[PDB]
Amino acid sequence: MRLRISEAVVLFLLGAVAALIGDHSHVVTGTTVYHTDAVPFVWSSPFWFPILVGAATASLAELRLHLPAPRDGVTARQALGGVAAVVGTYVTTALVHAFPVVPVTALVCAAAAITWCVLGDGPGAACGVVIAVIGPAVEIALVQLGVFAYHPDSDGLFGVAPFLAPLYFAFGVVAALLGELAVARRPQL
C-alpha cells in the first residue's frame, strides 16, 4: 500500500470520529432511527458504523494514491478545510432533513460542488463518484434489511435520503485529498 500504517490509522480514526458526530446528529434530530439493538453502540451508532466509515476513509485515501498524479502541494490547511466542509454539510443535513426534498438536496449538491471546486481534482472527483454510488447503495440494502430507517420526509431514494449522494461525493473528494496530504506532509529535504 502507498499509505503507511500509522497514516491509515489516523485516517480511519478521523473518519470514525466524524461519522459518530454526523450520525449522532441524524439520530437526535430524527433524521434516522436504528432498529438494531442486539449490537453494542458507540454513542448513538452501532459499533460497526464508525468502523465502516473509518475503513471507507482510509480506503478512499489509499485509492487516490493509485490514481494518476497525486498532488504534492496539498496542505494541512486544505485538509482541515475539507474535513470541516464535509462535517458541516453532514450536520446540516440533520438540521434540514424535514424540509422539502428539492431545496434540501440542491443545498447539499451546492456544498459538495463548492468543496470540489476549492479542493478537488479529476481523480478526487472520481473517488467521490465511487463512494457516491457505493455509500447510498449500502444504506439502501441496510434499510431494506430493516437495520435502520430514514425519516419519511427524507427517504426518497429507495428508502434513503437523496442528499446522501452529494454528501458521499464530497466525502470521497476530501478523503482523496487526505491521502494526498499523507504523502505530501512526510519529512522533506
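Residues carry their position along the shown sequence, with the first being 1.
Once the C-alpha B-factors are averaged per stretch, 160-168 and 33-41 rank with 33-41 first.
Once the C-alpha B-factors are averaged per stretch, 22-30 and 148-156 rank with 148-156 first. Annotation for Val9: C-alpha temperature factor in the highest third relative to the rest of the modelled chain, per the entry. Sort the chain's modelled residues by C-alpha temperature factor and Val86 lands in the lowest third, per the entry. Among the modelled residues of its chain, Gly73 has a C-alpha B-factor that falls in the highest third according to the deposited record.
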